[PDB]
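In this analysis, Cβ positions are derived from the backbone assuming ideal geometry, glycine residues included, and neighbour counts consider all displayed protein chains. Numbers and lists here come from the model and the stated rules, or from a named source; these are not laboratory values.
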Amino acid sequence: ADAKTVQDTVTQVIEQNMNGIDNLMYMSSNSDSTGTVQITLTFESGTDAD
Amino acid sequence: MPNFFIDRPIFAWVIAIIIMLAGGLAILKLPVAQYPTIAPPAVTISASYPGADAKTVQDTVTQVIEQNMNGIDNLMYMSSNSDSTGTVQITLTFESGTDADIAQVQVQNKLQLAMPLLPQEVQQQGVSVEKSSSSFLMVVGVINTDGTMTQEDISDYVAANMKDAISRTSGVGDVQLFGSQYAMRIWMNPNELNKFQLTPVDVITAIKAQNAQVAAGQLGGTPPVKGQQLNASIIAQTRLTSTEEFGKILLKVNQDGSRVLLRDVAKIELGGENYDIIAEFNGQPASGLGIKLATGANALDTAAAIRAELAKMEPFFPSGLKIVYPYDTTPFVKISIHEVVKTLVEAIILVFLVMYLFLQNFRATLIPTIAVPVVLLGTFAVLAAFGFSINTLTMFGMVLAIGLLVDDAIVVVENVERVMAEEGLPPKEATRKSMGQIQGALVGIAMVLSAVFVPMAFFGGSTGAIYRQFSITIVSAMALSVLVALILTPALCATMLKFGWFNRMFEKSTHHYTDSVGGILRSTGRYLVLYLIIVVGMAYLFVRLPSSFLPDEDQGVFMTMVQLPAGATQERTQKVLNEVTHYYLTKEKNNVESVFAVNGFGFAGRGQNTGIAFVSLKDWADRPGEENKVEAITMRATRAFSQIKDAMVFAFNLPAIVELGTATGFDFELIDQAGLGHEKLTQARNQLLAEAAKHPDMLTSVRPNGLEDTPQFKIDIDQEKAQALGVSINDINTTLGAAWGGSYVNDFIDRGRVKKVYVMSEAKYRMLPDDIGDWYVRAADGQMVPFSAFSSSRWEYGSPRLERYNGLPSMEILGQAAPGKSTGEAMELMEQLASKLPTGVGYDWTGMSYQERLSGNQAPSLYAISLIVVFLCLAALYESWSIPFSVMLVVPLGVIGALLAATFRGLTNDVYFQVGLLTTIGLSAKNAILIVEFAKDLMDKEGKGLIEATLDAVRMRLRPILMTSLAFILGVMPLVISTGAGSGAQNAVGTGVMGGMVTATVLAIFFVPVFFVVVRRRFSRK
């Protein structure tokens, strides 16, 4: 029961903070109707996944 | 090797080009920050509990949380604060180079298990965890100079439309808003409320139901029916989004069609979340934003981009929202970069001027000019190699060292112009011979300078890290150089190599000189004494010379500290800030560019009581005479602010590395080490504090960095009476609670952004202990009851800042050493004074005092090893367990006169000194090894004079020294040693090297050719 709702509620926020983290090339989230949310960060190659 | 190199110089340029290439491309890949990372890595831990107090917090949260920090890896110590506003900070500094990212984890991850335990008030606000820095890069400010927007409004904007826009910009390693974001305020009033028989709870528990977010499946989705066609999504109840929608909330309805709406019982309006910390820029409402570096980014680079992004977006939203920059650590860095660069550049101009005046040439002075930049560039690639960066520290590192490579250069091209002179051969054969008579020496002195240098970068914690910066720099330059002076220079001067007031006034002073030195050498140990004085002298000056870390410097800014007494008030505080502002703007109008002043940010607590005023001056330029400088502007202020009502108002200049180990002072912490409550420990503390002021001998200012008990109004619900009336102990509290300290109901959305919803009494029904009687609670049978019915009150003391060292009840005291005595000895008393406190009470050193205690004194233990490696290395340079002795006895010379940073000017043993003090012991012993080299060499090869050689030796040498030792001083003499601004360290570096460098030559020209003589005859003698 949540159009935008999720995004800007959980998406935006979680995204507001994903700043700092080193070796970040690009971020790309896709907020979903079902309430499901998937932010995804990807880093400069070589970088240390853990 | 050079001999195989002079032959193919064609190649030894490829070796030089590459270096230059790497060094250049490494410039670009280099980060640039004011200073590097030198604080050991700490991690704080915050928390809230709207309406509390130290017990009510240290008991519900500081602890319990701190009960579990256990598992966490390399932890040094964990301190913790429990203040009266519901804040809880519980920072934990960790061992030297542990991975900050991985300690934030655990710490953090280990809170994760205590939360089940934290109370629901707190876990809602959320405890957060981060890496402790709380003063960095720049701090944009956002004011409105047309009274339209209040604090809160401005904060919002800055939150809603610019905060993230910045936050993601090449650099911005973290942003931190200076204010809130709106939040659905809801200020009740027991009157308009008790009139309906509703309580806070009644309101709370409606703003819940009425404003929430429900669920309701799709239409198909989950298993449907055969042949369905429309699947859609139901959208039921969703959050209110306005003071409008909020105004309308059904709170009561009673036989009348009676509509009692939240709008009635209180008053609705957007507003701040927290309300106690009035920020304002030059008497204007403000709401800045702080921005920390980035980790591996570029202080210049990223400042510019921040400025770029702010631009581009400032053409927005009505009433002038002008963006101020009351603080930018960048101009400061640039001017430093602009300096130093000159120093280096000019340092060479010097090597052109000088040397000409000595070597009739031009194609000669073109050699040290192709060598310097070649050495410098390239050390910029070693820096890069070790992950280093371009910061204040690392810069001066090369300036403190400009004098060691330049020299090396000269030293080579000036032996060749001797060999092809003292009945010498052409260019080639000259080098071959020349660059082969200092060959081994140029090496060897390598290994020697590697010691008496390396040794640093082995020191302590917060410092040491600094020392490392200088060490690798110098030793990277230094030894990189020695490597070109065996490759490029010995091919460069060969292949390229071919007023009466000198030459005609030198060729004879040399002679007079060597002649003068000639004889005065029979009774060898003539000046063996005299010298002994010199040493004995230093071992005086040294102890007499004061100590420091980094000389404080004028910077864009500094601050004033206000402090209205025990139980004051934001309002009674502001006025003090308004003055502070005034007696700065308008009485200092040609310097104070702006004052950014906030009340509620004290430095030992918060609360309406204290505040603090940051002030940004005008450009160092528009601030000419000393009088117009910081270490001067604060002087006026500090005083000018005395003669102020009950309001301690200090002013003071921040230290060089804001986030790092302050004064030479100490930081002590007295421990409760058992039972003994707050009080016992206060008696405990006051025993020793008093016991210490009776000892100004060992100097002091032993002061409790903490906050005295203040009186406090204590309710006290009468359970039994509550039982008799129909009155729930829970309903009581939420009503007194919410009322007076405010509760945070739930959230709502406002222009596409979730934001909190608070709800608490209007201010007009919660200022004085009376009023409590305005508040009414609905009982079982449904009749409102008043406080007195089930509750009594009394005053009393309790503490508004409960501090606490590792896990235990603690209290923190700090103070200085002694205008005569050492920080170290100063500690020791403080520890004896602690040796006799009541049994219970423990004591423990933290902070600066932790390192200082732990490591601290090692300069002996370390340099011992160098003075040994030096001996060893040096011995093998020659071939004797004794001859090296004639090289070391140079150390003292250069030292003294260097130490005339006491007797000539007014300085201290501060880092920048000691680095220099090293750079100076390098040329000195470098000189020694050469003179002692040409001493043998032609004494060993040509079996020449046991003493005859030593004269000849010095002869073919007095020019090298004189040559270099000139371009140097003159090179160090400039703005370095005589400066106005963005300096400090400039005076630092120079003065040290300026003197001592004098004595290193003008005193070694006689001794080093001695020494060699004094010995080389004490061994295998009669």
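Here the condition is being outside the structural domain of B:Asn987 (by CATH), under 22 Å from the mean Cα position of the chain (by Cα) and in a helix (DSSP H, G or I); of B:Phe459, B:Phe470, it holds for B:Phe470 alone.
Quick check, is B:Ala901 in contact with a helix residue (DSSP H, G or I) (Cβ under 8 Å, 6 or more places away or on another chain) and in a loop (DSSP other than H, G, I, E, B)? It is true that B:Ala901 is in contact with a helix residue (DSSP H, G or I) (Cβ under 8 Å, 6 or more places away or on another chain) and in a loop (DSSP other than H, G, I, E, B).
Criterion applied to B:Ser155, B:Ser82 was being in contact with a strand residue (DSSP E or B) (Cβ under 8 Å, 6 or more places away or on another chain) and assigned to a helix (DSSP H, G or I), and the one residue passing it is B:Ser155. For the range B:176-192, the count of residues that are assigned to a helix (DSSP H, G or I) and either surrounded by 20 or more Cβ atoms within 10 Å (Cβ to Cβ) or in contact with a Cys (Cβ under 6 Å, 6 or more places away or on another chain) (or both) is at least one.
Kindly check whether there is at least one residue in the range B:191-213 that is within 14 Å of another protein chain (Cβ to nearest Cβ) and at positive phi. No, there is no match, as no residue in the range B:191-213 is within 14 Å of another protein chain (Cβ to nearest Cβ) and at positive phi. Cβ separations smaller than 6 Å between residues 6+ apart or across chains give the following pairs from the range B:474-495 residues that are more than 9 Å from B:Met435 (Cβ to Cβ) to residues that are of a type in the set (D, E, K, R) and surrounded by 21 or more Cβ atoms within 10 Å (Cβ to Cβ): B:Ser481/B:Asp408.
Considering only residues in the range B:295-343 that are of a type in the set (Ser, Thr, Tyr) and in contact with a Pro (Cβ under 9 Å, 6 or more places away or on another chain), the one that is nearest to B:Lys29 (Cα to Cα) turns out to be B:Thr295. Would you say A:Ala49 is among the aliphatic types (A, V, I, L, M), at the interface with chain B (Cβ under 9 Å from one of its Cβ atoms), loosely packed, with under 13 Cβ neighbours inside 10 Å and not in a helix (DSSP H, G or I)? It is false that A:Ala49 is among the aliphatic types (A, V, I, L, M), at the interface with chain B (Cβ under 9 Å from one of its Cβ atoms), loosely packed, with under 13 Cβ neighbours inside 10 Å and not in a helix (DSSP H, G or I).
Taking B:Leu25, is it in a helix (DSSP H, G or I), surrounded by fewer than 17 Cβ atoms within 10 Å (Cβ to Cβ) and in contact with a helix residue (DSSP H, G or I) (Cβ under 8 Å, 6 or more places away or on another chain)?
Answer is yes for this residue.
Reported count of residues in the range B:651-709, each being assigned to a helix (DSSP H, G or I) and among the hydroxyl-bearing types (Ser, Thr, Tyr), is 1. Against the list (1) farther than 29 Å from B:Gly741 by Cβ; (2) crowded, with 19+ Cβ neighbours inside 10 Å; (3) within 14 Å of another protein chain (Cβ to nearest Cβ), the condition B:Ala165 fails is (2).
Of the residues B:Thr205, B:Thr199, the single one that is polar (S, T, N, Q), over 23 Å from B:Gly272 (Cβ atoms) and crowded, with 21+ Cβ neighbours inside 10 Å is B:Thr199.
Can you pull out every residue in the range A:6-42 that is more than 24 Å from B:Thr302 (Cβ to Cβ), facing chain B (nearest Cβ under 7 Å) and more than 13 Å from the chain's Cα centre (by Cα)? If the condition is that a residue be more than 24 Å from B:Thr302 (Cβ to Cβ), facing chain B (nearest Cβ under 7 Å) and more than 13 Å from the chain's Cα centre (by Cα), then A:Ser33 is the only one that fits. For the range B:564-581, filtered to residues that are of a type outside the set (A, V, I, L, M, F, W, C) and within 14 Å of B:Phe601 (Cβ to Cβ), the residue that is surrounded by the most Cβ atoms within 10 Å (Cβ to Cβ) is B:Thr573.
Do any strands (runs of 3 or more DSSP E) entirely within the range B:717-778 hold 2 or more residues that are within 14 Å of chain A (Cβ to nearest Cβ) and out of contact with any helix residue (DSSP H, G or I) (no Cβ under 6 Å at 6 or more places or on another chain), and if so, which? Steps first, answer last, please.
Details: elements: B:747-749, B:754-756, B:776-778.
The qualifying strands (runs of 3 or more DSSP E) are B:747-749, B:754-756.
Against the list (1) surrounded by fewer than 23 Cβ atoms within 10 Å (Cβ to Cβ); (2) more than 24 Å from B:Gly996 (Cα to Cα), the condition B:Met447 fails is (2). Consider the range B:138-162 and keep the residues that are hydroxyl-bearing (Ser, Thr, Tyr) and surrounded by fewer than 17 Cβ atoms within 10 Å (Cβ to Cβ). The one that is nearest to the other protein chains (Cβ to nearest Cβ) is B:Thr150. If you check B:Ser965 against the conditions, is it on the phi > 0 side of the Ramachandran plot and not acidic (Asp, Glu)? For B:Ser965, the condition - on the phi > 0 side of the Ramachandran plot and not acidic (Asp, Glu) - is not met. Taken over the range B:368-417, the criterion of being in a helix (DSSP H, G or I) and in contact with a strand residue (DSSP E or B) (Cβ under 7 Å, 6 or more places away or on another chain) is satisfied by no residue.
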